[PDB]
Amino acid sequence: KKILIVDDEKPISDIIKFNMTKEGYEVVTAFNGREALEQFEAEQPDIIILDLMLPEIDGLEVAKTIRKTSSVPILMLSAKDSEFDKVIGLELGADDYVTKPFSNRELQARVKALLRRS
């Protein structure tokens, strides 16, 4: 399956890409909101890992515009960890929300759980 990793930090994108690759996923990456939407239309990923904090267009808007056309599972990832952040992420259409820093194993498990359910 194909995962789109949307993260404006290259070190973190690289770590997620490495671990998702190691599991047998095809990985596409985007580094801002605009690239996220372009990659989403062009690549039709099976799941999207989406950070809230993005150049050009923020993660919340990315998720909101994606949901206008698609039920693709979205796992939001963010260093922001307050109740409000988690709640608004999910209500705007994320299927899950994981905080940074994260466990690589938990992330893999959550990606699988999401894929199992769509």
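Throughout, we count residues from 1 along the sequence that is shown. Take the two forms, find the largest set of C-alpha atoms that superpose within 1.5 Å, and that set is the rigid core.
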Superpose on the core, then say which of 44-52 and 64-72 ends up with the larger RMS Cα offset from this form in 8 other deposited structures of this protein.
44-52
Stretch with the greater mean C-alpha B-factor as recorded in the entry, comparing 100-108 against 8-16:
8-16
Which of 56-64 and 26-34 has higher mean CA B factor, as the PDB entry lists it:
56-64
Of the residues 92, 76, 42, 47, the one carrying the largest Cα B-factor as recorded
92
